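Here's the structure, in structure tokens; my notes come after.
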2 protein chains.
Amino acid sequence: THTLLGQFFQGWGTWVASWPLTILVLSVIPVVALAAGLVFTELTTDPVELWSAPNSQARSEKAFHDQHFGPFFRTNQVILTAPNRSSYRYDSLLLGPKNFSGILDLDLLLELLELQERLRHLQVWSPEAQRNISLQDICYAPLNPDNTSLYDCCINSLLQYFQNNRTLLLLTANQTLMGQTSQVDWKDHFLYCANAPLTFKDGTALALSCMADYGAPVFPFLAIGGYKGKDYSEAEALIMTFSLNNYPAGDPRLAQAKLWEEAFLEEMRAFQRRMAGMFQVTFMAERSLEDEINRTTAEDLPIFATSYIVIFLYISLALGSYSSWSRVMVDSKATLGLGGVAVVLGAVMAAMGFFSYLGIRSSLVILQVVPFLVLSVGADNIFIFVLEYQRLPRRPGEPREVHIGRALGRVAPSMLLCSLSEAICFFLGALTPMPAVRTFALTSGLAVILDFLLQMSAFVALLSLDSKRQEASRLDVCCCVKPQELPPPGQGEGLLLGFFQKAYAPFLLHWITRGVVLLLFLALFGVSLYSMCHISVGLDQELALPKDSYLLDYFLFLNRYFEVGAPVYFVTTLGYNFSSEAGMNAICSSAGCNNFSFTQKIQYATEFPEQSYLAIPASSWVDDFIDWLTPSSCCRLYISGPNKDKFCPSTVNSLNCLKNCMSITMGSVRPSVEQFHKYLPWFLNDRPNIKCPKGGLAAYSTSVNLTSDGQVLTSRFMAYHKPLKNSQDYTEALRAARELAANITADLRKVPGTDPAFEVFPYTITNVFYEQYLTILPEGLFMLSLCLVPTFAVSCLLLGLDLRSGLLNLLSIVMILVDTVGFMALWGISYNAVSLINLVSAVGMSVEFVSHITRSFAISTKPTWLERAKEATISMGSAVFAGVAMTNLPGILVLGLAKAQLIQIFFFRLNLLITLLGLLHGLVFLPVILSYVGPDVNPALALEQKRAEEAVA
Amino acid sequence: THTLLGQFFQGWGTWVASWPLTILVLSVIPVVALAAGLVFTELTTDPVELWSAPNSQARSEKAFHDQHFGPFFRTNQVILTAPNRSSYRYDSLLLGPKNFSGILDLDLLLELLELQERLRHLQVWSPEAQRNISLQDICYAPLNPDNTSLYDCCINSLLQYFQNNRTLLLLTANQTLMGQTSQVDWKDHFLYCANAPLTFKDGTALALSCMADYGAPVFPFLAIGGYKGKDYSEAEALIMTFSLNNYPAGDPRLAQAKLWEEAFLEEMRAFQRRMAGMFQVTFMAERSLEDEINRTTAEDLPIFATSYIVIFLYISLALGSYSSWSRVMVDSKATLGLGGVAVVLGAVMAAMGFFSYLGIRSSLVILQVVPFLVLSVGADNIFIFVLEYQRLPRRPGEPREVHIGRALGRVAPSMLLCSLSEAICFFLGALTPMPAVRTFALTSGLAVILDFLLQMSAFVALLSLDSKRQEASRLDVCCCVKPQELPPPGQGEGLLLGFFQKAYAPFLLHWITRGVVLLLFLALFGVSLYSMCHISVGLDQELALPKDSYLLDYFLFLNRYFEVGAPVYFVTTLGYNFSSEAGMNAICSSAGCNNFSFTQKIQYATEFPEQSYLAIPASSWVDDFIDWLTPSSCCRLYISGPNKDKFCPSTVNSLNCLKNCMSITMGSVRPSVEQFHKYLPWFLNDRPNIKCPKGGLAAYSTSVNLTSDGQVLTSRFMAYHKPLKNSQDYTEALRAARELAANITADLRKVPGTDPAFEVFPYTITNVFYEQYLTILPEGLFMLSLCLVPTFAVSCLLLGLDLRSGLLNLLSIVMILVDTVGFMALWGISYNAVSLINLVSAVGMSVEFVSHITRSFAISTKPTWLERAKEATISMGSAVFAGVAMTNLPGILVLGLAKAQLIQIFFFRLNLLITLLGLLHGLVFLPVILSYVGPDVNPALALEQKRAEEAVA
Ligand SMILES: CC(C)CCC[C@@H](C)[C@H]1CC[C@H]2[C@@H]3CC=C4C[C@@H](O)CC[C@]4(C)[C@H]3CC[C@]12C
């Protein structure tokens with residue numbers, strides 16, 4: 001079969017090289033026809049679309065939540081610190097001695113108040129609607145979501161305990177307790193606020209509204225960070241969350257939100273530049289991450305434009321046999337290098353253009369790196385072809401067309417094997433769940449296919465033209481010089497081949513070094529197989545970002561100073577009869593309701609925050625509901641007046657609704673179906689007041705979905721993950737949350753009248769990203785096995801190889817892969833979709849280093865195995881090294897200036913590591929193993945070749 | 001250049017024919033990959049989408065009308081006739097002696113009443129909405145478009161003059177006039193109704209409501225047809241229009257309408273089968289035409305499946321050289337014929353599949369005929385190739401691969417020329433305005449390209465395989481017979497070539513016949529150039545239909561019995577101040593308003609119905625408005641009561657609104673801006689009553705678009721085209737209407753305060769179809785000139801031909817085309833987009849007949865011109881005839897059973913005509929002209945060929 005491919009591609013080559021210009025044109029036309037489609041590119045920036053499989057579980061849960069509770073509100077934080085400020089003692093006289101941190105000075109809080117108040121009245125132009133977009137238009141309003149004002153927006157801060165009132169900060173009174181009198185200050189109100197956030201009146205000779213301005217109780221963990229336990233006076237950070245209403249992607253209000261976000265960042269930069277030795281401001285915006293991952297691609301893209309020139313120069317100076325110093329300017333292959341680069345750039349542009357035509361949304365960070373890998377893969381073929389063509393002895397009375405045809409015939413099977421292995425590998429790598437790596441893998445796959453199809457026609461035509469210029473003795477690139485006085489005739493022996501034959505092959509295949517390198521590579525495999533088990537799964541944040549981004553400082557401050565991470569929502573699906581008795585029993589946590597209920601289970605789970613990643617219990621709505629129906633003057637009905645048979649709001653105190661909400665109380669408040677249906681929508685709109693602080697609107701207004709008939713479709717319960725820092729923490733947190741939700745559903749399905757399709761799932765915002773790392777190891781291992789099988793299967797069909805060679809090939813590929821994974825885990829590179837597509841590309845590429853040497857040893861007729869290994873090493877090892885390794889490395893070493901930690905880590909380092917391991921194995925380990933346990937001589941594979949040379953000449 | 005194409009395709013052929021199976025596979029893979037897309041076909045049936053350029057003027061006017069007045073209502077008619085009924089005399093005694101036609105008997109009208117009344121209460125199931133769709137849901141209601149009932153639907157008939165009341169039909173009273181008494185019958189009311197349709201009370205001792213049931217005056221021309229003048233008693237047809245509300249294509253109510261239409265047709269078929277010797281019923285539905293053009297494509301598609309077998313059999317029996325009668329079963333080319341048919345079917349399926357992928361909506365009537373033309377074009381190439389290959393003397397010591405390569409090398413330039421000429425021709429034919437012919441032209445173009453690309457690779461590979469089986473002496477199709485006793489060796493001289501060389505060439509190029517045929521073909525060109533001017537532009541209706549469709553009978557009845565054709569709407573664009581004084585003056589027609597106004601101009605135009613295609617004047621709304629504001633107790637205002645400062649409907653007669661609608665009257669009723677704005681919306685809802693028959697709701701409710709402020713955006717005026725029969729009539733009617741609208745705008749733009757963008761255009765329903773025939777002759781002539789230039793330009797580059805040959809080629813093509821157009825006009829084939837794409841395909845194809853003979857004469861070395869013409873005729877005329885003509889004709893002669901008058905006329909007849917004229921010219925006229933004024937010997941074109949045979953062997 002191999003000899004038939006030899007004849008096939010020999011015939012094709014002999015034809016093409018006899019019609020160069022016509023085929024250059026016939027090959028350029030479809031490439032440009034495909035590359036014209038690059039103007040149809042519709043780029044994605046949203047982290048949700050680039051890094052989540054839309055048919056996954058986490059995305060189905062997100063879709064559900066978005067349907068039944070609206071989308072998760074956009075968070076915009078400002079983490080402050082005064083490290084130059086010393087701590088000071090201050091006695092409370094009601095709580096005792098306390099140590100107040102430097103950041104809790106008056107002046108600093110006054111400066112924060114000024115910053116916040118300025119950030120309220122901030123507007124933009126918004127030239128889309130031609131009206132000044134103001135905060136009340138887009139801001140998140142938990143109370144009064146309609147007719148929202150600048151004093152109704154979810155602006156959490158330490159100053160929401162004084163409703164952003166300068167006189168309430170500067171307020172001081174005289175409290176006489178236990179006979180002694182002292183000055184009660186803001187600090188006393190702050191300390192009374194931190195220990196109990198839901199108090200309408202302070203308990204220290206002050207009628208201060210401890211509840212927030214917008215009218216929901218600001219919890220300490222959203223106002224201060226860096227404390228440990230309940231010692232809130234020792235707080236080392238002041239947080240300020242400008243929450244905005246989120247909308248779907250097709251809503252112009254989201255565009256207006258992002259305009260306000262940009263203005264917020266500009267204002268915050270102005271504030272940071274203002275306060276130098278006072279604060280250490282670290283801020284962000286919901287747009288910031290999308291802005292920081294999609295900023296660099298335009299900044300460091302010229303460095304890749306340099307990467308191409310580094311390869312062009314190398315191919316140009318490495319193929320030009322300079323051995324006269326009088327005709328270097330006539331023979332140095334400039335045209336071939338330029339052609340080669342043009343071919344691979346044509347191939348990548350054709351691939352990207354074709355995938356622009358199908359309307360596949362390809363991000364900037366995908367188009368940034370495709371061309372690099374396709375070039376590094378698709379220059380090796382043209383290099384090996386030119387080397388083989390240059391090393392062929394032109395037979396007497398044979399034209400250049402048949403000579404080029406014959407060269408192509410010799411090194412076509414190996415080039416086809418290489419291209420098919422890499423194409424298959426990339427197209428099987430494309431099964432990753434992430435759309436980004438999927439699109440990337442498919443792009444690189446198609447690009448390698450088109451690159452091979454161009455290398456067969458366009459490049460062979462160009463080599464024919466270039467060789468024709470050589471025979472005419474015309475200059476390297478300028479073929480219009482009209483040759484001068486007859487240059488001395490060009491006959492050499494090769495410098496690279498000379499160097500190898502003199503030094504390397506005797507040194508490597510010496511009596512001593514063979515044993516040494518065999519033991520060394522077994523030791524390397526052993527160490528690697530050990531060090532593999534110390535691998536860290538997860539592409540954690542701070543890697544997508546550059547090294548100079550403010551978000552790095554922000555994420556340092558989050559992971560260091562915060563006290564509760566992302567808030568998790570235990571969303572209850574439809575098919576639960578909440579209006580029933582046993583329905584309310586299994587969700588309640590107080591006295592009267594059954595033991596080991598929903599809220600009680602979560603409250604029990606948050607005891608051990610290390611085992612179960614929940615730091616704070618679930619804020620249940622049924623508990624605050626049944627407490628709202630307690631006869632404590634919250635719910636009342638009118639007895640007379642024109643407003644008969646309706647609710648009496650607790651805000652009024654007239655003698656016309658002194659009737660309590662419900663009947664006699666002695667045991668447990670358990671309203672019947674009608675009572676439940678009539679009292680729930682009153683609860684979900686009972687704004688909290690001083691009369692009784694209980695009220696549904698405060699924190700449950702949007703946490704229950706009611707249909708028109710009065711049926712609770714779904715209901716979510718808010719719990720807080722402990723500070724999540726690593727990607728491991730995020731994944732284990734999701735896993736523990738899911739397990740807890742499953743354990744709760746196992747108990748809740750036992751209630752009579754619950755549809756068994758009813759399930760509770762712990763939805764948080766960062767679940768669509770950190771779900772795969774649950775089960776990326778099985779999927780990845782499966783993908784690498786499914787890439788190792790067909791590569792080997794094609795390898796031992798295309799080369800016409802036996803099994804004694806095939807097993808050595810497969811062993812060498814597996815050894816490279818284990819060594820790569822070992823050093824990947826050792827260096828500190830994590831394992832995820834990016835590392836997976838790189839390991840798949842490694843399985844695809846390493847064939848280049850292995851297959852050439854294995855074949856060059858197979859088709860060999862020297863008496864002893866050492867001489868077969870010697871000649872195989874010299875010829876094909878020279879080709880492999882000079883072509884493959886030094887077209888990978890001068891490309892890779894340029895990526896080391898990417899500025900984006902993502903590429904800087906997962907492309908530069910991995911491809912460097914794979915290249916160096918491929919080089920080492922393919923040139924050092926494989927010749928020695930071939931010298932030891934290589935195949936037999938088998939002369940009817942060098943004898944069977946001349947049947948293929950004189951037949952189709 | 002030609003010799004370089006010779007070498008190029010020789011090299012390619014020699015390669016492919018040396019690797020047959022691999023290239024069969026490599027060529028079948030992309031064909032199947034493209035042909036898999038046939039499942040993505042989204043077929044159009046709507047005559048609007050298939051037969052109108054959406055960027056045209058008529059479609060812009062339609063879009064405008066659809067925006068500002070809603071879509072044109074769907075018409076469903078039933079034309080009745082009683083030809084077996086004799087006429088009878090009946091005296092009126094108020095109008096005088098009258099002759100009543102047989103169809104105006106009582107019993108017949110009673111049967112019509114029963115039919116109509118049954119057609120009112122008709123419902124369907126409609127399994128889409130699972131509710132019984134009834135008439136009131138979808139029926140067109142001019143009065144009361146909301147809360148519509150079965151007695152509020154636009155059901156015009158002769159029985160709307162008795163509101164579908166059996167007792168009002170059977171009613172008879174005793175009228176004493178001038179002292180004499182007689183029985184007044186329904187006939188008297190009918191005659192009083194016909195002469196004045198808008199009368200609430202009859203004038204013959206009867207209080208009969210002459211106005212219709214649904215409450216709009218039924219005009220005589222919508223109830224009776226076949227009369228001539230005002231002699232309505234001599235009516236020979238009874239019409240019944242079940243008008244339905246039309247909707248856009250995305251409305252399920254349209255689907256429900258079409259369900260009701262299907263049920264209507266079923267009911268009408270039942271009625272037609274019921275009454276045999278009583279009525280001659282001819283009916284339709286708005287869906288009927290869409291149903292009749294898209295029914296046949298599934299019925300007569302097997303006949304095309306037969307057309308392929310007729311060509312397969314011919315190619316199979318015409319290439320098998322049978323000259324032994326012992327080895328006919330070893331040599332007859334069955335595999336080649338089957339392969340050829342498979343290739344062309346692959347090509348057409350690949351083309352259709354590719355155009356299914358781009359989402360191009362391709363109708364059934366387009367996919368019905370593409371494969372035929374592509375096959376008839378793409379079998380000639382393979383036939384000529386096989387003939388040339390069979391006629392080549394295999395040189396001693398030359399393998400079959402080089403022999404097939406050499407054959408392909410010889411007849412590649414001519415095949416490429418043929419394919420490029422046809423591709424270019426079709427792709428320039430694609431510039432037709434119609435989407436149907438555009439899609440068709442593009443499809444055939446791409447199919448011919450892919451067919452040529454397959455003929456170069458797949459077919460040459462298959463010919464190599466077949467020839468290999470021949471050399472092995474294995475049977476025709478079953479190549480597994482393992483040859484028997486050695487068959488006698490196969491050496492012949494050809495039967496076709498023998499017959500030609502013996503009989504034809506001496507007979508044609510005799511001293512006598514050359515002069516005869518030259519004079520004959522000049523006479524043919526002359527007669528054709530005369531008969532061309534008697535051409536009929538327009539694809540008239542009755543051609544899209546089969547010969548057995550009921551719509552043929554319906555269209556006969558329309559063109560014979562109707563008295564006014566389609567109703568035209570003189571739609572007035574925005575930018576006219578109707579509320580002004582001069583505004584109302586230039587649209588009014590009565591006394592007071594200016595002379596030569598809008599309505600007066602249309603009323604003057606309808607005087608001569610032959611010159612201007614308007615049979616009835618425009619029903620103006622401003623005239624009936626200003627007549628409605630006449631103090632004649634139509635409009636009144638309340639003087640007291642709780643309903644102060646509003647209109648007082650004329651229906652009431654209380655003493656509370658005896659105030660007239662306007663001030664003192666002495667001259668002309670000219671309401672000011674405020675009066676106009678306050679009185680217009682009252683007019684457009686004043687339902688006509690007995691008090692005064694004037695009222696806007698009757699016929700102007702929807703003929704004025706009012707904005708919320710009270711500004712008339714647009715306003716349409718209803719006029720009736722005289723009975724339009726031919727396509728010429730439709731086109732001249734549109735042209736005359738447009739001219740009249742332009743003349744009116746030229747006067748209306750002179751009113752001060754009219755935006756000069758304001759224009760009036762005469763919109764009717766059949767304008768999107770019959771607009772092109774205004775200017776199809778310039779567009780068609782331009783397209784044929786732009787197809788003649790590049791064909792000739794490519795012809796005298798690819799063949800390497802001089803100008804003395806090129807001019808004879810161009811002359812022969814022009815002569816064929818003029819002859820085709822002459823016989824096209826003579827036979828009775830009309831000229832439109834279909835005939836245009838066929839004439840373009842003719843310009844493309846005729847190159848096959850001409851170029852081969854011209855070249856075969858060019859490359860010739862006989863001493864005298866007669867001998868050059870003789871040998872050119874014999875060799876290449878045998879190839880042209882046997883291949884081209886007898887692969888066109890056995891294909892075409894099958895289309896003559898299409899059953900669809902469209903294809904039966906415009907494909908069968910035209911392609912037959914073009915084939916026979918191509919045959920005649922290419923084989924009779926061209927050899928003789930080449931014998932007379934042919935080129936010189938020029939030996940360096942037969943001498944320059946062997947440079948191309950031994951070089952690339
Ligand atoms: C061309 C391909 C193979 C490499 C570039 C694509 C990768 C590196 C890009 C595309 C989409 C990006 C991810 C999108 C979502 C987020 C947001 C945050 O939650 C963590 C970072 C993370 C997870 C990004 C990391 C980098 C990322 C994965």
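The way I read the labels, and the way they are meant: chains A, B, ... in the order of the structure tokens, residue 1 as the first residue of every chain, and ligand 1 as the first ligand shown, with later ones counted on from there.
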Mind listing the residues within 6 Å of ligand 1, only C-alpha atoms and all ligand atoms counted, as a list in words?
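Result of the 6 Å neighbour search around ligand 1: residues 47, 50, 51, 365, 366, 369, 436, 437, 440, 541, 544, 769, 834 and 902 of chain A.
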Contact residues (chain B, partner chain A, 8 Å, only C-alpha atoms) as a ChimeraX atom specification:
/B:8,11-12,15,19
Do you have the atom CA of residue 822 of chain B-atom CA of residue 529 of chain B distance handy?
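Calculated distance between atom CA of residue 822 of chain B and atom CA of residue 529 of chain B is 6.4 Å.
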Could the residues of segment 426-496 of chain B that have an atom at most 12 Å from segment 875-896 of chain B be listed as a tab-separated table, each with its closest atom pair and the distance in Å to one decimal, counting only C-alpha atoms and ordered by chain and ascending residue number?
```
residue	atom	partner	partner_atom	distance
B:494	CA	B:878	CA	10.7
B:495	CA	B:878	CA	10.6
B:496	CA	B:878	CA	7.0
```
Set the distance at 10 Å and use only C-alpha atoms: which residues neighbour residue 697 of chain B once local chain neighbours fewer than 3 positions away are removed? I'd like the list as a PyMOL selection string.
chain B and resi 142-144+215-216+681-688+694+700-703
Okay, now the selection with N, CA, C and O atoms, as a tab-separated table (two decimals), in the first residue's frame?
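Full text of result05.tsv as output:
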```
chain	number	residue	atom	x	y	z
B	142	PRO	N	-67.06	44.00	5.00
B	142	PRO	CA	-66.83	45.42	4.78
B	142	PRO	C	-67.49	46.28	5.88
B	142	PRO	O	-66.83	47.17	6.39
B	143	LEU	N	-68.75	45.98	6.21
B	143	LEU	CA	-69.48	46.55	7.37
B	143	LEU	C	-69.22	45.66	8.58
B	143	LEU	O	-69.26	44.43	8.41
B	144	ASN	N	-68.98	46.26	9.75
B	144	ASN	CA	-68.85	45.54	11.04
B	144	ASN	C	-67.76	44.48	10.90
B	144	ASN	O	-68.06	43.28	10.84
B	215	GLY	N	-75.10	44.65	3.71
B	215	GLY	CA	-75.46	46.08	3.82
B	215	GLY	C	-74.64	47.01	2.93
B	215	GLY	O	-74.60	48.21	3.25
B	216	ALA	N	-74.03	46.50	1.85
B	216	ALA	CA	-73.34	47.30	0.81
B	216	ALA	C	-74.02	47.07	-0.54
B	216	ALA	O	-74.42	45.94	-0.83
B	681	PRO	N	-64.02	61.10	10.43
B	681	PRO	CA	-64.17	59.81	11.10
B	681	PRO	C	-65.63	59.42	11.38
B	681	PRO	O	-65.90	58.24	11.50
B	682	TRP	N	-66.53	60.41	11.47
B	682	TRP	CA	-68.00	60.19	11.54
B	682	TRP	C	-68.51	59.67	10.19
B	682	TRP	O	-69.39	58.80	10.21
B	683	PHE	N	-67.98	60.19	9.07
B	683	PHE	CA	-68.33	59.74	7.70
B	683	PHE	C	-67.90	58.28	7.52
B	683	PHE	O	-68.77	57.45	7.17
B	684	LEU	N	-66.64	57.97	7.83
B	684	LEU	CA	-66.03	56.62	7.61
B	684	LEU	C	-66.66	55.55	8.52
B	684	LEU	O	-66.24	54.38	8.39
B	685	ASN	N	-67.61	55.91	9.39
B	685	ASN	CA	-68.37	54.95	10.24
B	685	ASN	C	-69.89	55.18	10.16
B	685	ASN	O	-70.61	54.47	10.88
B	686	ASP	N	-70.37	56.10	9.31
B	686	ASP	CA	-71.83	56.35	9.12
B	686	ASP	C	-72.37	55.24	8.21
B	686	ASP	O	-72.32	55.41	6.98
B	687	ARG	N	-72.82	54.13	8.81
B	687	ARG	CA	-73.47	53.00	8.09
B	687	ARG	C	-74.67	53.54	7.33
B	687	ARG	O	-75.46	54.31	7.90
B	688	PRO	N	-74.86	53.19	6.04
B	688	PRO	CA	-76.00	53.69	5.27
B	688	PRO	C	-77.32	53.14	5.84
B	688	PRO	O	-77.35	51.99	6.24
B	694	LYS	N	-76.41	57.80	1.56
B	694	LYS	CA	-74.99	58.22	1.66
B	694	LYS	C	-74.43	57.79	3.02
B	694	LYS	O	-75.18	57.83	4.02
B	700	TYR	N	-66.13	53.04	1.73
B	700	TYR	CA	-64.94	53.90	2.02
B	700	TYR	C	-64.39	53.67	3.44
B	700	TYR	O	-63.42	54.38	3.78
B	701	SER	N	-64.95	52.72	4.21
B	701	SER	CA	-64.56	52.43	5.61
B	701	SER	C	-63.05	52.15	5.71
B	701	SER	O	-62.43	52.62	6.68
B	702	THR	N	-62.51	51.42	4.73
B	702	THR	CA	-61.10	50.94	4.68
B	702	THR	C	-60.32	51.65	3.57
B	702	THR	O	-59.12	51.35	3.45
B	703	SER	N	-60.94	52.57	2.81
B	703	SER	CA	-60.33	53.27	1.65
B	703	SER	C	-59.67	54.60	2.08
B	703	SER	O	-59.27	55.36	1.18
```
Residue 88 of chain A surroundings by only C-alpha atoms, 9 Å radius, close-in-sequence under 5 positions cut, as JSON, numbers by chain
{"A": [99, 100, 101, 102]}
Dump of C-alpha atoms for the selected residues, as a PDB file, in the first residue's frame:
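Okay, this is what ended up in part_35.pdb:
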```pdb
ATOM      1  CA  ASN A  99     -10.046  47.228  69.522  1.00  0.00           C
ATOM      2  CA  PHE A 100     -11.090  49.340  66.484  1.00  0.00           C
ATOM      3  CA  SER A 101      -8.923  48.918  63.308  1.00  0.00           C
ATOM      4  CA  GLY A 102      -7.331  52.000  61.606  1.00  0.00           C
TER       5      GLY A 102
END
```
Please, which residues of segment 580-794 of chain B, numbered as in this document, come out alpha helix (DSSP H) from DSSP, as a ChimeraX atom specification?
/B:581-585,598-605,621-628,673-683,697-700,727-748,776-794
With only C-alpha atoms as the counted atoms, please give the residues lying no more than 8 Å from residue 825 of chain A, apart from itself and same-chain residues fewer than 4 positions off, as a PyMOL selection string.
chain A and resi 531-532+534-536+821+829-830
Prev. selection, N, CA and C atoms, output as an mmCIF file, in the first residue's frame:
```cif
data_model
loop_
_atom_site.group_PDB
_atom_site.id
_atom_site.type_symbol
_atom_site.label_atom_id
_atom_site.label_comp_id
_atom_site.auth_asym_id
_atom_site.auth_seq_id
_atom_site.Cartn_x
_atom_site.Cartn_y
_atom_site.Cartn_z
ATOM 1 N N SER A 531 5.017 11.710 39.496
ATOM 2 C CA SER A 531 4.693 13.160 39.627
ATOM 3 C C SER A 531 3.338 13.505 38.985
ATOM 4 N N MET A 532 2.808 12.641 38.107
ATOM 5 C CA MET A 532 1.470 12.784 37.462
ATOM 6 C C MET A 532 0.365 12.885 38.523
ATOM 7 N N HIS A 534 0.308 14.101 41.473
ATOM 8 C CA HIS A 534 0.324 15.441 42.124
ATOM 9 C C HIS A 534 -0.145 16.512 41.129
ATOM 10 N N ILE A 535 -1.241 16.254 40.404
ATOM 11 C CA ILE A 535 -1.823 17.184 39.389
ATOM 12 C C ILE A 535 -2.959 17.971 40.053
ATOM 13 N N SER A 536 -3.132 19.231 39.647
ATOM 14 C CA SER A 536 -4.186 20.161 40.129
ATOM 15 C C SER A 536 -5.175 20.434 38.991
ATOM 16 N N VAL A 821 2.638 15.141 30.889
ATOM 17 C CA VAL A 821 1.661 15.286 32.015
ATOM 18 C C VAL A 821 2.433 15.430 33.335
ATOM 19 N N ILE A 829 1.391 23.840 35.967
ATOM 20 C CA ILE A 829 0.306 24.003 34.954
ATOM 21 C C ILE A 829 -0.862 23.111 35.385
ATOM 22 N N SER A 830 -2.071 23.677 35.461
ATOM 23 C CA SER A 830 -3.315 22.962 35.851
ATOM 24 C C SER A 830 -3.842 22.153 34.660
#
```
Could you check the closest approach to residue 17 of chain B for each of B:581, B:236, B:732, B:466 and tell me which residue wins, using only C-alpha atoms?
B:466
What parts of segment 595-792 of chain B does DSSP call strand (DSSP E)? I'd like the answer as a ChimeraX atom specification.
/B:616-619,636-637,659-660,704-706,712-715,718-720,760-763
